Each structure stands twice: as C-alpha cells, then as structure tokens.
file start-v1.csv (CSV, C-alpha atoms)
chain,number,residue,atom,x,y,z
A,2,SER,CA,-19.9,11.9,6.3
A,3,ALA,CA,-19.4,11.0,2.5
A,4,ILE,CA,-17.6,7.7,3.7
A,5,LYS,CA,-20.0,4.8,4.5
A,6,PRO,CA,-19.1,2.0,7.0
A,7,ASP,CA,-18.9,-0.5,4.0
A,8,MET,CA,-17.1,0.7,0.9
A,9,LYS,CA,-16.1,-1.1,-2.4
A,10,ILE,CA,-12.6,-0.9,-3.9
A,11,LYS,CA,-11.8,-1.0,-7.7
A,12,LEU,CA,-8.1,-0.9,-8.7
A,13,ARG,CA,-5.8,-1.0,-11.8
A,14,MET,CA,-2.0,-1.2,-11.4
A,15,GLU,CA,0.4,-0.8,-14.4
A,16,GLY,CA,4.1,-1.1,-13.9
A,17,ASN,CA,7.5,-2.4,-14.7
A,18,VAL,CA,10.0,-4.3,-12.4
A,19,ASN,CA,13.6,-4.8,-13.9
A,20,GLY,CA,12.0,-4.3,-17.3
A,21,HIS,CA,9.1,-6.8,-16.9
A,22,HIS,CA,5.8,-5.1,-17.8
A,23,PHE,CA,2.5,-6.1,-16.0
A,24,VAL,CA,-1.2,-5.1,-15.5
A,25,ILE,CA,-3.1,-6.2,-12.3
A,26,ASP,CA,-6.8,-5.5,-11.6
A,27,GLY,CA,-8.3,-5.5,-8.1
A,28,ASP,CA,-11.9,-5.9,-6.7
A,29,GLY,CA,-12.5,-5.6,-2.9
A,30,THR,CA,-14.4,-4.2,0.1
A,31,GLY,CA,-13.5,-2.6,3.4
A,32,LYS,CA,-14.6,-1.0,6.6
A,33,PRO,CA,-13.0,2.5,6.8
A,34,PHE,CA,-14.0,3.0,10.5
A,35,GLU,CA,-12.7,-0.4,11.6
A,36,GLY,CA,-9.4,-0.1,9.7
A,37,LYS,CA,-9.9,-3.3,7.6
A,38,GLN,CA,-9.9,-4.1,3.9
A,39,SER,CA,-9.6,-7.2,1.6
A,40,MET,CA,-9.4,-7.6,-2.1
A,41,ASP,CA,-9.0,-10.1,-5.0
A,42,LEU,CA,-6.1,-9.3,-7.4
A,43,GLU,CA,-5.8,-10.8,-10.8
A,44,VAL,CA,-2.7,-10.5,-13.1
A,45,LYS,CA,-4.2,-9.4,-16.6
A,46,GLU,CA,-0.9,-9.0,-18.5
A,47,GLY,CA,2.7,-10.2,-18.1
A,48,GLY,CA,2.0,-13.3,-16.0
A,49,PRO,CA,3.4,-15.4,-14.5
A,50,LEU,CA,5.3,-12.5,-12.8
A,51,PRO,CA,9.1,-13.3,-12.7
A,52,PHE,CA,9.6,-11.6,-9.2
A,53,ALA,CA,8.2,-11.9,-5.6
A,54,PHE,CA,4.5,-10.7,-5.5
A,55,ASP,CA,5.2,-9.4,-1.9
A,56,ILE,CA,7.0,-6.3,-3.2
A,57,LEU,CA,3.7,-5.0,-4.7
A,58,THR,CA,1.3,-5.5,-1.9
A,59,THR,CA,1.6,-2.2,0.0
A,60,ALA,CA,0.7,-0.4,-3.3
A,61,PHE,CA,-2.6,-2.4,-3.5
A,65,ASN,CA,-5.2,3.5,1.0
A,66,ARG,CA,-4.9,4.9,4.5
A,67,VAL,CA,-8.7,5.8,4.5
A,68,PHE,CA,-8.9,2.1,5.8
A,69,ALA,CA,-7.3,3.0,9.2
A,70,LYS,CA,-9.1,3.2,12.6
A,71,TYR,CA,-8.4,6.8,13.8
A,72,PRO,CA,-9.3,7.9,17.4
A,73,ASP,CA,-11.1,11.2,18.0
A,74,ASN,CA,-7.9,12.9,19.3
A,75,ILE,CA,-6.0,12.6,15.9
A,76,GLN,CA,-7.0,14.5,12.8
A,77,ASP,CA,-7.9,12.0,10.0
A,78,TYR,CA,-6.5,13.6,6.8
A,79,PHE,CA,-7.6,10.6,4.7
A,80,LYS,CA,-11.4,10.6,5.6
A,81,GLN,CA,-11.5,14.5,5.4
A,82,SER,CA,-10.0,14.3,1.8
A,83,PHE,CA,-13.3,12.8,0.4
A,84,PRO,CA,-15.3,13.1,-1.8
A,85,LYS,CA,-12.5,14.8,-4.0
A,86,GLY,CA,-9.8,12.3,-2.8
A,87,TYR,CA,-6.0,12.4,-2.5
A,88,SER,CA,-2.9,10.8,-4.0
A,89,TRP,CA,0.3,9.4,-2.5
A,90,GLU,CA,3.9,8.9,-3.8
A,91,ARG,CA,6.1,6.3,-2.2
A,92,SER,CA,9.8,5.3,-2.4
A,93,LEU,CA,10.8,1.7,-1.4
A,94,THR,CA,14.6,1.4,-0.7
A,95,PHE,CA,15.8,-2.3,-0.2
A,96,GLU,CA,19.2,-3.1,1.5
A,97,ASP,CA,20.7,-4.8,-1.7
A,98,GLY,CA,20.1,-1.6,-3.9
A,99,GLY,CA,16.6,-2.5,-5.2
A,100,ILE,CA,14.5,0.7,-5.6
A,101,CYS,CA,10.7,1.1,-6.3
A,102,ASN,CA,8.6,4.2,-6.9
A,103,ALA,CA,4.9,3.9,-6.6
A,104,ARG,CA,1.9,6.3,-6.8
A,105,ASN,CA,-1.9,6.0,-6.4
A,106,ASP,CA,-4.5,8.6,-7.3
A,107,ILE,CA,-7.6,7.7,-5.3
A,108,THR,CA,-11.2,9.0,-6.2
A,109,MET,CA,-14.7,8.1,-4.9
A,110,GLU,CA,-17.9,7.6,-6.9
A,111,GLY,CA,-20.9,6.7,-4.6
A,112,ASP,CA,-19.9,3.7,-2.5
A,113,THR,CA,-16.6,2.9,-4.4
A,114,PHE,CA,-12.9,4.0,-4.2
A,115,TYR,CA,-11.2,4.0,-7.6
A,116,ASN,CA,-7.4,3.5,-7.6
A,117,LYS,CA,-5.0,4.4,-10.4
A,118,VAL,CA,-1.8,2.7,-9.3
A,119,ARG,CA,1.7,2.9,-10.9
A,120,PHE,CA,4.6,0.8,-9.7
A,121,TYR,CA,8.3,1.0,-11.0
A,122,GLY,CA,11.1,-1.1,-9.7
A,123,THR,CA,14.8,-1.3,-10.8
A,124,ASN,CA,18.3,-2.4,-9.8
A,125,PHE,CA,17.1,-5.7,-8.2
A,126,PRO,CA,20.0,-8.2,-8.4
A,127,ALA,CA,19.2,-11.2,-10.5
A,128,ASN,CA,20.5,-13.6,-7.7
A,129,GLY,CA,18.6,-11.7,-4.9
A,130,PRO,CA,15.4,-12.8,-3.1
A,131,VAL,CA,12.9,-10.6,-5.1
A,132,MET,CA,14.0,-12.0,-8.6
A,133,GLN,CA,14.5,-15.6,-7.2
A,134,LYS,CA,11.1,-15.5,-5.4
A,135,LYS,CA,12.4,-16.2,-1.8
A,136,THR,CA,10.1,-13.9,0.2
A,137,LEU,CA,7.5,-15.2,2.7
A,138,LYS,CA,5.8,-12.0,4.1
A,139,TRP,CA,6.1,-8.4,5.4
A,140,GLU,CA,6.6,-8.1,9.2
A,141,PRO,CA,4.0,-6.0,10.9
A,142,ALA,CA,5.2,-2.4,11.1
A,143,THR,CA,4.6,1.1,12.5
A,144,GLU,CA,4.3,4.1,10.1
A,145,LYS,CA,5.6,7.4,11.6
A,146,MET,CA,3.4,10.3,10.3
A,147,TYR,CA,4.8,13.9,10.5
A,148,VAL,CA,4.8,17.1,8.4
A,149,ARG,CA,8.0,18.0,6.3
A,150,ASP,CA,8.0,21.3,4.3
A,151,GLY,CA,4.1,21.4,4.6
A,152,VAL,CA,3.5,17.8,3.3
A,153,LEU,CA,2.2,14.9,5.3
A,154,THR,CA,5.0,12.2,5.3
A,155,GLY,CA,4.9,8.6,6.5
A,156,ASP,CA,8.2,6.7,7.3
A,157,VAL,CA,8.4,2.9,7.8
A,158,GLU,CA,11.6,0.8,8.6
A,159,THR,CA,10.5,-2.8,8.0
A,160,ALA,CA,11.6,-6.2,6.5
A,161,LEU,CA,10.4,-9.1,4.4
A,162,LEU,CA,10.9,-12.5,6.0
A,163,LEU,CA,12.8,-14.8,3.6
A,164,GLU,CA,13.1,-18.6,3.4
A,165,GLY,CA,15.9,-19.7,5.7
A,166,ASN,CA,15.2,-17.5,8.8
A,167,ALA,CA,16.6,-14.3,7.1
A,168,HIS,CA,15.0,-10.8,6.9
A,169,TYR,CA,15.4,-8.4,3.9
A,170,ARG,CA,15.3,-4.8,5.1
A,171,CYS,CA,13.2,-2.0,3.3
A,172,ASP,CA,12.8,1.7,4.1
A,173,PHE,CA,9.4,3.3,2.9
A,174,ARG,CA,8.8,7.1,2.6
A,175,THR,CA,5.3,8.1,1.4
A,176,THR,CA,4.0,11.7,0.8
A,177,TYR,CA,0.2,12.2,0.9
A,178,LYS,CA,-1.6,15.2,-0.7
A,179,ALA,CA,-5.4,15.9,-0.5
A,180,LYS,CA,-6.8,17.3,-3.9
A,181,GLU,CA,-8.8,19.9,-1.9
A,182,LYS,CA,-6.7,22.9,-0.9
A,183,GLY,CA,-7.5,23.6,2.8
A,184,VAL,CA,-7.8,20.1,4.3
A,185,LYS,CA,-5.9,20.7,7.6
A,186,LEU,CA,-2.7,18.6,8.2
A,187,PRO,CA,-2.7,16.3,11.3
A,188,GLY,CA,-0.2,16.4,14.1
A,189,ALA,CA,2.5,13.7,14.2
A,190,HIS,CA,1.2,10.2,15.1
A,191,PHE,CA,1.7,6.5,14.3
A,192,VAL,CA,-0.2,3.9,12.2
A,193,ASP,CA,0.3,0.3,13.1
A,194,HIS,CA,-0.4,-2.0,10.1
A,195,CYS,CA,-0.3,-5.6,9.2
A,196,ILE,CA,-0.6,-6.9,5.5
A,197,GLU,CA,-1.2,-10.6,4.7
A,198,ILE,CA,-1.8,-12.7,1.5
A,199,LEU,CA,-4.8,-14.8,2.6
A,200,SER,CA,-4.6,-17.1,-0.5
A,201,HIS,CA,-3.0,-17.5,-3.9
A,202,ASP,CA,-2.8,-19.8,-6.9
A,203,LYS,CA,0.3,-21.5,-8.3
A,204,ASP,CA,2.1,-18.4,-9.8
A,205,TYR,CA,0.3,-15.6,-7.8
A,206,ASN,CA,-1.9,-14.8,-10.9
A,207,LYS,CA,-4.8,-14.6,-8.3
A,208,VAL,CA,-4.2,-13.3,-4.7
A,209,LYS,CA,-6.5,-12.4,-1.9
A,210,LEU,CA,-4.9,-9.6,0.2
A,211,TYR,CA,-5.9,-8.3,3.7
A,212,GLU,CA,-4.7,-5.2,5.6
A,213,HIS,CA,-5.6,-4.0,9.2
A,214,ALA,CA,-4.4,-0.5,10.3
A,215,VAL,CA,-4.9,1.5,13.6
A,216,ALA,CA,-3.7,5.1,14.3
A,217,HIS,CA,-2.4,5.9,17.8
A,218,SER,CA,-0.2,8.5,19.7
A,219,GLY,CA,2.3,5.9,20.9
A,220,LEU,CA,1.0,5.1,24.5
A,221,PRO,CA,-1.5,2.5,25.9
call {"tool": "encode", "arguments": {"input": "start-v1.csv", "output": "structure tokens"}}
result
Amino acid sequence: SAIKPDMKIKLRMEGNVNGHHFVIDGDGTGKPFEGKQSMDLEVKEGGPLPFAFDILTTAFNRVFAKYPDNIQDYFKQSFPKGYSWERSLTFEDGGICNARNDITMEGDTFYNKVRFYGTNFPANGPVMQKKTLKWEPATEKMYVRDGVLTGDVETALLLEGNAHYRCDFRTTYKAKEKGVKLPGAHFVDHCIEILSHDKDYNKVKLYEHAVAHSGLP
C-alpha cells in the first residue's frame, strides 16, 4: 500500500464567485483508513471574502473515507498516480458552482490543485449576505453512468432563522491510471464542520469524516 495511515495535505484553491477573485492555501493531515481529515485554510488574496465561506468547504478528497472490504475503494487504488474530480453545485435560488481538483501524491503528502467558479447568486440571497450556519450531514450516492464513477448528494445549508437552503451536488471521479476497476454502487455518509475561524473567515480549521456502506446495518 502506497497510502500510509497518517498522510499530509497541501492545497491551493483559485477561483471566482460572482466576479470576486480569491486565492486560498491549505495545510492539513488525515487518516485515510479511519475516514478523517482536518486542515488549516488561509485566504491569501481577495480577503475578506464577500460571500459565505460555507459554499467552498466541500471543495477543500474521497481517499479520506473508511471503506469496508466488501466495497471496491476506487480512491485508494488510484494512488500513486492519483485522480481528479469535477463537481456541479446547483442551489435552489439559481446559484451555480463548478469545481475541480487534480490530486497527486509525493511521499507522505497529497497535493491538491483546486478551482472553484460560482455565478448567478442573487445579491439579496444568503450566500452574498453571509447568512449560512453549516452543511447538514449527507449521504453521497455512488454509481456508474456511461463508464464514469458518479456521486449524487441532495443536501442543504442551515441558515440563520430556522431555514434550509437546498443544494444538489453531482461529482464525476476519474483515476489517471487506465485500468483501475470501477466499484459497484454504494453510499458514502459524510459530515463537514468548521471547527474554528477568525473574524472574516480569513483563517478556518475544517474537519470531514466519511464512511462508505451498502445501505444496511
């Protein structure tokens, strides 16, 4: 196994939300076999961000997922060469994001090249007015569509005032190695949490826990 029980994470995100440009660096560690990761994020350019930091957090690696023996782990079998993903986020008020990550490994470290583009957020909506509190825990549905591993999530951001803001995720995942076998359909339960932040979310500590399962107890 190329993947050790303790791995480091290095990340750079560039992107643009409603025309606002930004650059964010990440430094973290995780336990690929326990499904756990955490990381310190720092806004390097375009701070303070004029939108809700929460829209970005799922773009800051399904290698950090606890897979049982009875499900093919596409993510861990993709290393050392790595894999990339492409994701569409569709919000109920017409806000749309496209994100991608190209993930490589050098020794004990995953390197992440992240791009994030958002548009059509209404100026009076909760993203641009910074009204989000968190992502609700969710279940990703994994399946194969036209020979490509696909993950679907239907989930929501909790807002101030006991409201939810609905988002649909679709992610496609591709190994760089031709010949990594596709898994069968399955689920990934995940929970993402901001553990701490400073006044304008220029510095954020982010945590994710993910577990794969076949949908029974």
call {"tool": "residues_around", "arguments": {"input": "start-v1.csv", "residues": "residue 192 in chain A", "least_positions_apart": "2", "cutoff": "6 Å", "atoms": "all atoms listed in the file", "output": "ChimeraX atom specification"}}
result
/A:143-144,215-216
call {"tool": "write_last_selection", "arguments": {"input": "start-v1.csv", "atoms": "C-alpha atoms", "output": "CSV table (one decimal), keeping the file's coordinate frame"}}
result
chain,number,residue,atom,x,y,z
A,143,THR,CA,4.6,1.1,12.5
A,144,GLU,CA,4.3,4.1,10.1
A,215,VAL,CA,-4.9,1.5,13.6
A,216,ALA,CA,-3.7,5.1,14.3
call {"tool": "residues_around", "arguments": {"input": "start-v1.csv", "residues": "residue 89 in chain A", "least_positions_apart": "4", "cutoff": "7 Å", "atoms": "all atoms listed in the file", "output": "short mmCIF file (atom, residue, chain, number, x, y, z; two decimals) with C-alpha atoms, keeping the file's coordinate frame"}}
result
data_model
loop_
_atom_site.label_atom_id
_atom_site.label_comp_id
_atom_site.auth_asym_id
_atom_site.auth_seq_id
_atom_site.Cartn_x
_atom_site.Cartn_y
_atom_site.Cartn_z
CA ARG A 104 1.90 6.30 -6.80
CA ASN A 105 -1.90 6.00 -6.40
CA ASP A 106 -4.50 8.60 -7.30
CA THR A 175 5.30 8.10 1.40
CA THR A 176 4.00 11.70 0.80
CA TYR A 177 0.20 12.20 0.90
CA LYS A 178 -1.60 15.20 -0.70
#
call {"tool": "residues_around", "arguments": {"input": "start-v1.csv", "residues": "range 4-16 of chain A", "least_positions_apart": "5", "cutoff": "7 Å", "atoms": "all atoms listed in the file", "output": "number ranges by chain"}}
result
A: 22-34, 112-121
call {"tool": "atom_distance", "arguments": {"input": "start-v1.csv", "atom1": "CA of residue 159 in chain A", "atom2": "CA of residue 102 in chain A"}}
result
16.6 Å
call {"tool": "closest_residue", "arguments": {"input": "start-v1.csv", "among": "A:152, A:196, A:162, A:3", "to": "residue 61 in chain A", "atoms": "all atoms listed in the file"}}
result
A:196
call {"tool": "closest_residue", "arguments": {"input": "start-v1.csv", "among": "A:184, A:111, A:67, A:95", "to": "residue 158 in chain A", "atoms": "all atoms listed in the file"}}
result
A:95
call {"tool": "residues_around", "arguments": {"input": "start-v1.csv", "residues": "residue 185 in chain A", "least_positions_apart": "2", "cutoff": "12 Å", "atoms": "only C-alpha atoms", "output": "MDAnalysis selection string"}}
result
chainID A and resid 75:82 148 151:153 178:179 181:183 187:188
call {"tool": "atom_distance", "arguments": {"input": "start-v1.csv", "atom1": "CA of residue 210 in chain A", "atom2": "CA of residue 165 in chain A"}}
result
23.8 Å
call {"tool": "atom_distance", "arguments": {"input": "start-v1.csv", "atom1": "CA of residue 206 in chain A", "atom2": "CA of residue 140 in chain A"}}
result
22.8 Å
call {"tool": "build_atoms", "arguments": {"input": "start-v1.csv", "residues": "range 96-114 of chain A", "atoms": "N, CA and C atoms", "output": "mmCIF file, in the coordinates of the input"}}
result
data_model
loop_
_atom_site.group_PDB
_atom_site.id
_atom_site.type_symbol
_atom_site.label_atom_id
_atom_site.label_comp_id
_atom_site.auth_asym_id
_atom_site.auth_seq_id
_atom_site.Cartn_x
_atom_site.Cartn_y
_atom_site.Cartn_z
ATOM 1 N N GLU A 96 17.781 -3.116 1.053
ATOM 2 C CA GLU A 96 19.200 -3.100 1.500
ATOM 3 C C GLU A 96 20.162 -3.583 0.445
ATOM 4 N N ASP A 97 19.728 -4.304 -0.597
ATOM 5 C CA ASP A 97 20.700 -4.800 -1.700
ATOM 6 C C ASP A 97 20.622 -3.836 -2.895
ATOM 7 N N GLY A 98 20.071 -2.637 -2.779
ATOM 8 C CA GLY A 98 20.100 -1.600 -3.900
ATOM 9 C C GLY A 98 18.856 -1.627 -4.719
ATOM 10 N N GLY A 99 17.930 -2.565 -4.509
ATOM 11 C CA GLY A 99 16.600 -2.500 -5.200
ATOM 12 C C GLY A 99 15.851 -1.285 -4.790
ATOM 13 N N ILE A 100 15.258 -0.572 -5.752
ATOM 14 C CA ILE A 100 14.500 0.700 -5.600
ATOM 15 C C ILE A 100 13.181 0.603 -6.301
ATOM 16 N N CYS A 101 12.090 0.979 -5.647
ATOM 17 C CA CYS A 101 10.700 1.100 -6.300
ATOM 18 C C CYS A 101 10.183 2.478 -6.045
ATOM 19 N N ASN A 102 9.502 3.012 -7.046
ATOM 20 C CA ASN A 102 8.600 4.200 -6.900
ATOM 21 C C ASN A 102 7.233 3.803 -7.261
ATOM 22 N N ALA A 103 6.295 4.154 -6.405
ATOM 23 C CA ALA A 103 4.900 3.900 -6.600
ATOM 24 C C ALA A 103 4.035 5.112 -6.351
ATOM 25 N N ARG A 104 2.927 5.225 -7.066
ATOM 26 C CA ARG A 104 1.900 6.300 -6.800
ATOM 27 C C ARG A 104 0.516 5.688 -6.950
ATOM 28 N N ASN A 105 -0.430 6.308 -6.277
ATOM 29 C CA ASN A 105 -1.900 6.000 -6.400
ATOM 30 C C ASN A 105 -2.604 7.356 -6.360
ATOM 31 N N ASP A 106 -3.527 7.498 -7.297
ATOM 32 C CA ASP A 106 -4.500 8.600 -7.300
ATOM 33 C C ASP A 106 -5.856 7.976 -6.977
ATOM 34 N N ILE A 107 -6.427 8.372 -5.847
ATOM 35 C CA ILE A 107 -7.600 7.700 -5.300
ATOM 36 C C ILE A 107 -8.815 8.720 -5.427
ATOM 37 N N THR A 108 -9.891 8.244 -6.060
ATOM 38 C CA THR A 108 -11.200 9.000 -6.200
ATOM 39 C C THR A 108 -12.316 8.139 -5.613
ATOM 40 N N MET A 109 -13.479 8.741 -5.449
ATOM 41 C CA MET A 109 -14.700 8.100 -4.900
ATOM 42 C C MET A 109 -15.818 8.391 -5.789
ATOM 43 N N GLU A 110 -16.609 7.388 -6.143
ATOM 44 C CA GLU A 110 -17.900 7.600 -6.900
ATOM 45 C C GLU A 110 -18.908 6.698 -6.163
ATOM 46 N N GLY A 111 -19.874 7.340 -5.514
ATOM 47 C CA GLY A 111 -20.900 6.700 -4.600
ATOM 48 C C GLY A 111 -20.173 5.913 -3.536
ATOM 49 N N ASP A 112 -20.321 4.592 -3.555
ATOM 50 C CA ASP A 112 -19.900 3.700 -2.500
ATOM 51 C C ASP A 112 -18.492 3.090 -2.816
ATOM 52 N N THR A 113 -17.807 3.567 -3.862
ATOM 53 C CA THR A 113 -16.600 2.900 -4.400
ATOM 54 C C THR A 113 -15.398 3.805 -4.463
ATOM 55 N N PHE A 114 -14.257 3.329 -3.963
ATOM 56 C CA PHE A 114 -12.900 4.000 -4.200
ATOM 57 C C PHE A 114 -12.332 3.443 -5.469
#
